[PDB]
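Values in this text are rule-based calculations from the coordinates and carry no lab data. For neighbour counting, all protein chains shown are included, and Cβ atoms are generated from backbone atoms with ideal geometry for every residue, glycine included.
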């Protein structure tokens, strides 16, 4: 219930199942690292937070 | 220009593990094969003993 | 034969017989569940900071709905 | 407007991280179901005893 | 003793089942889909034998043994090069007429 409360705090858990993503946790972690890196690139292009 | 050159270097580095066998995957396969073989050996030794 | 393939490959007899723990399997409790697994990979980037970011995103979109200039 | 462009990718990172959290929730729920099945079998053995 | 011999019979049956499971694990460890992916990576390398590829492979081997890693180092380098190439081709459409 702590995890589901976090999910309902982070938008909603029930709106998640419709989106498609591989179930493997390693692939999702790699995607999270990739999006973090590209967010860092966008930030450094903007310069200011 | 230098970013294109570094991208060429990156694609060369990717081909390094891609053109040959995947080093990470081959090492993991060797390790798992070793552990499975040793487990099989100890299991068959125990079976023969019993 | 290229030294590359033999160096990349791993010799099967290289491990020292891969001896297991002690002589037999370690003793275990009759239940010994210990679920834990609070986090399953991921971690790294926090979710609360980007949650505030997304809240600010929808707030600034709502501001964009409000008139600006003119 | 540049921030909106960056925040599109930021909310994409939201989508990815929320998928990760929901899959973690799913793993926890299925492990809980497995534990429930195990305790149900143990309770059936207890009833037999 | 009849009880203990029945118990040892069931114990050795369980050991036989575990040994069969380990044999199945060994069998599935080989002939993997990744094993299928192999032997054609070798063919791809054989399309372009040695020469510059041998030199860059030697350099890669030196980097890998110097790094004292083979999985974390490779993944880190892949992530770094992807992040690098993310910001690429900035106003690269024109290089000559500006100089002219």
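Some observations on this one:
- Considering residues of region D:1-30 that are under 18 Å from residue C:63 (Cα atoms) and facing chain A (nearest Cβ under 7 Å) only, the residue nearest to the chain's Cα centre (by Cα): D:6
- Members of region D:1-24 found to be surrounded by fewer than 19 Cβ atoms within 10 Å (Cβ to Cβ) and within 26 Å of residue C:36 (Cα to Cα), listed by number: D:15
- Residue C:4, sole failed condition from (1) away from chain B (no Cβ under 14 Å); (2) in contact with a helix residue (DSSP H, G or I) (Cβ under 6 Å, 6 or more places away or on another chain); (3) in a helix (DSSP H, G or I): (1)
- Within region C:39-69, considering residues that are farther than 18 Å from residue D:10 by Cα, in a loop (DSSP other than H, G, I, E, B) and more than 8 Å from chain A (Cβ to nearest Cβ), the one nearest to the chain's Cα centre (by Cα): C:39
- Scope region E:14-39; condition loosely packed, with under 10 Cβ neighbours inside 10 Å and either in contact with a strand residue (DSSP E or B) (Cβ under 8 Å, 6 or more places away or on another chain) or farther than 20 Å from residue B:37 by Cα (or both); matching residues: E:36, E:39
- Criterion violated by residue B:23 - all others in (1) in contact with a helix residue (DSSP H, G or I) (Cβ under 9 Å, 6 or more places away or on another chain); (2) under 18 Å from residue C:19 (Cβ atoms) satisfied: (2)
- Residue within region B:29-37 that is more than 22 Å from residue E:72 (Cβ to Cβ) and at the interface with chain E (Cβ under 7 Å from one of its Cβ atoms) present: yes
- Residue, nearest to the chain's Cα centre (by Cα), within region B:2-28, restricted to residues that are under 23 Å from residue E:25 (Cα atoms) and more than 7 Å from chain E (Cβ to nearest Cβ): B:26
For (1) more than 9 Å from chain C (Cβ to nearest Cβ); (2) in a loop (DSSP other than H, G, I, E, B); (3) surrounded by 12 or more Cβ atoms within 10 Å (Cβ to Cβ); (4) under 13 Å from the mean Cα position of the chain (by Cα), each residue gets a yes or a no:
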| position | (1), (2), (3), (4) |
| --- | --- |
| A:3 | no, no, yes, no |
| A:16 | yes, yes, yes, yes |
| A:31 | yes, no, yes, yes |
| A:36 | no, no, yes, yes |
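- Within region E:60-72, the residues that satisfy the criterion of being exposed (fewer than 13 other Cβ atoms within 10 Å of the Cβ) and assigned to a helix (DSSP H, G or I) are E:62, E:65, E:66, E:72.
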